[PDB]
Each structure stands twice: as structure tokens, then as C-alpha cells.
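Working notes, structure below.
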Amino acid sequence: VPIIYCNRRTXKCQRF
């Protein structure tokens, strides 16, 4: 159950 996400509008990989 990892917590690594990447939003599309944010273009990033940190949605903590």
C-alpha cells in the first residue's frame, strides 16, 4: 500500500 501518486494537472509525483 504505497503512497506514491502523480497528478495530471500538477505534472508532479507528490500528492501528500
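Scheme for the C-alpha cells: letters A, B, ... for chains in order shown; per-chain residue numbers from 1; ligand numbers from 1 in order shown.
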
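Contact shell of residue 14 in chain A at 12 Å (only C-alpha atoms; same-chain neighbours under 5 positions omitted): residues 3, 4, 5, 6, 7 and 8 of chain A.
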